[PDB]
């Protein structure tokens, strides 16, 4: 009794989700990652210095992050100690990746599963507009919204809706439950956040070299000497600030408003088992030196929280298009494709299935904001404490698709804030007359290396086994490989698979729900499958 929705539109990559229904509820979800490149293959026998470049091309939505885990993984097999100045640049930059990535993911990739652009054409400007100020410490003039409305009015007058063409909220959908006023508020931002997103990137270019796909890191870390001028340490901050206002006075508010009118979603999204590596290290060989705490949460118990141990993490196949069925931890992993056609040998996805201890685990911000929470990180709580309230729920409400979604606003906060410190710190030593970027290093006869990045979608880890300055094995496990991606040998469903199950669907022919849960996990199939 299966519904299929290939492609999953507003995401990155090619995702096919097939669901089976039993009277309004999902009963079996399948995450079918549908394209393959195979970079780990391409990489064999090259100089590990090059690697950081190939992999960076794992994807471009989540630009840079694959660069990082790559600089970091060799730095590790080489055992370099990069000038803390370099530590500063790299975490500075990651911070913007968060800002940009998330800003453009709620509005531009998640909104429409909630907002009813159409609906807005109704909405009373003066009304919606007056709502604004009540919700945001930002004066939203009737003229503004009044424009937006005509700007969309002219979308019907044109005959072409382009982007909105076969929209699931066209002619109203039962599942879209927003006051026309709110939509005219949402949309107005959607369109703005399209402008901000430039800035959020313009600033990342500064350290970064260019946005998208970064060019400023090296084993020995960082090369951008020019970015040290105060003349340029200023130019960042000024962008940094304005992108931060938007995010604070606007992305944060809307997540809240909408999340309001959709409180029932706080009761749907069935996930247990979270984990994180942590990010923004202060000493590069200590996960415990990271701004955002590294931690593991089994089931839903926010009271245990044990240490992340990368020993017991081994991708699987069996229900993946790769030879055999046996599993391996990165450092000893293999990558030679099968392809059995679709459900062939029961295989359905190009993504290997990275099982933790033995269990599935959901990485990303939810896991992040749970791990932080369960460990005093102050800014994290101060953040939820308010959400959880504005909403008027409890911890278990965080375990939902509403949680998962919400958490992502917070993560972008518990980072947008911090950025402030690192820039300062950097500007300090520059002023000092300390401009150390890059450290001299050398290749051991042979070594092993591993770099953990907690990418905007979670726990990223690159893993190198080098022999004589040539790559002997450079395999990688990426967030989305955890979240989306097949079942294991022990047929355990995956984060999202289970999240889909029990999801009620009001209209199969236009299933907004399939999409609200899959988009909450910000699926990135190009990464996932690499």
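Residue numbers count along the first chain shown, from 1.
K.L.:
Look over 143-151 and 352-360 in the entry and identify the one with the greater average Cα temperature factor.
P.N.:
Stretch with the greater average CA B-factor: 143-151.
K.L.:
Check the entry's C-alpha temperature factors for 178-186 and 220-228, then say which stretch has the higher mean.
P.N.:
Of 220-228 and 178-186, the stretch with the higher C-alpha B-factor average is 178-186.
K.L.:
Quiz for you: based on the deposited Cα B-factor, which of 134, 75, 192, 113 is highest?
P.N.:
If I rank 134, 75, 192, 113 by C-alpha B-factor, first place goes to 134.
K.L.:
Of the options 324, 79, 281, 212, which has the highest CA B factor as deposited?
P.N.:
Spelled out: the listed residue with the top C-alpha B-factor is 324.
K.L.:
Based on the deposited C-alpha B factors for this chain, I'd like to know if residue 68 is in the lowest, middle or highest third.
P.N.:
According to the entry, residue 68 has a C-alpha B-factor in the chain's lowest third.
K.L.:
Just say lowest, middle or highest third for the CA B-factor of residue 14 relative to the other modelled residues in its chain.
P.N.:
Lowest third of the chain for residue 14's C-alpha B-factor.
K.L.:
For residue 489, return the chain-relative third of its C-alpha B-factor as stated in the PDB record: lowest, middle or highest.
P.N.:
Highest third, going by the recorded CA B-factors of the chain.
K.L.:
Would you check the entry's CA temperature factor for residue 3 and let me know if it's in the chain's lowest, middle or highest third?
P.N.:
Answer is highest: the recorded C-alpha B-factor places it there.
K.L.:
Comparing residue 319 with the other modelled residues of its chain, is its CA B-factor in the lowest, middle or highest third?
P.N.:
Ranked within chain, residue 319 CA B lands in the highest tercile.
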